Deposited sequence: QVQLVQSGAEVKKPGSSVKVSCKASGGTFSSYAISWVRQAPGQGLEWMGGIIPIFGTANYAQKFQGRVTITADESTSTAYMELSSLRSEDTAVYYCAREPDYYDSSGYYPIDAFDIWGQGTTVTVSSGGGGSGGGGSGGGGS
């Protein structure tokens, strides 16, 4: 029943940097990825972070621009997108890659079970 709460819709200028937060309701942060959704278009994976494995990876087209950070004290994952432009106008989602744990062992799931509400990013124009 856990949910992901992301930051409000932001209106920024071209060339600027937008930092979108994503907080987990509970107590500790888990594996979180970021998925872009342009109007009328398809879903696009930008990157992700594994605070448990201490790793953050991004997609080739977003590499060098996007920055993902995770704070285990406040359970908040961030999406920093630098040098904004027209095509960056999209709805940005944070999503958890779930992990299963029992007496038999730890089982990671390579899918996105819970998603955030979505942060609409509009660029000027």
- request: Just jot down which stretches of the deposited chain sequence have no CA coordinates, in the order they come.
  value: 27-28, 128-142
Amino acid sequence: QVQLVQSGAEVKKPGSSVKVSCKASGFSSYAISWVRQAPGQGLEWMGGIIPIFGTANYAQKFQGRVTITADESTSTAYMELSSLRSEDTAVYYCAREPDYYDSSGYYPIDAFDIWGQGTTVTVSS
From here on, numbers count along this sequence of modelled residues.
- line: The stretch whose C-alpha atoms carry the larger average B-factor in the entry, 99-107 or 7-15, is 7-15
- prompt: Of 63-71 and 40-48, which one has the bigger average CA B-factor?
  reply: 63-71
Entry-reported Cα temperature factor of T55, expressed as the chain third it lands in: middle
- request: Sorting the chain's modelled residues by C-alpha B-factor, tell me whether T76 ends up in the lowest, middle or highest third.
  value: middle
task: Looking at the entry's B-factor column for C-alpha atoms only, identify whether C94 ranks in the lowest, middle or highest third of its chain.
output: lowest
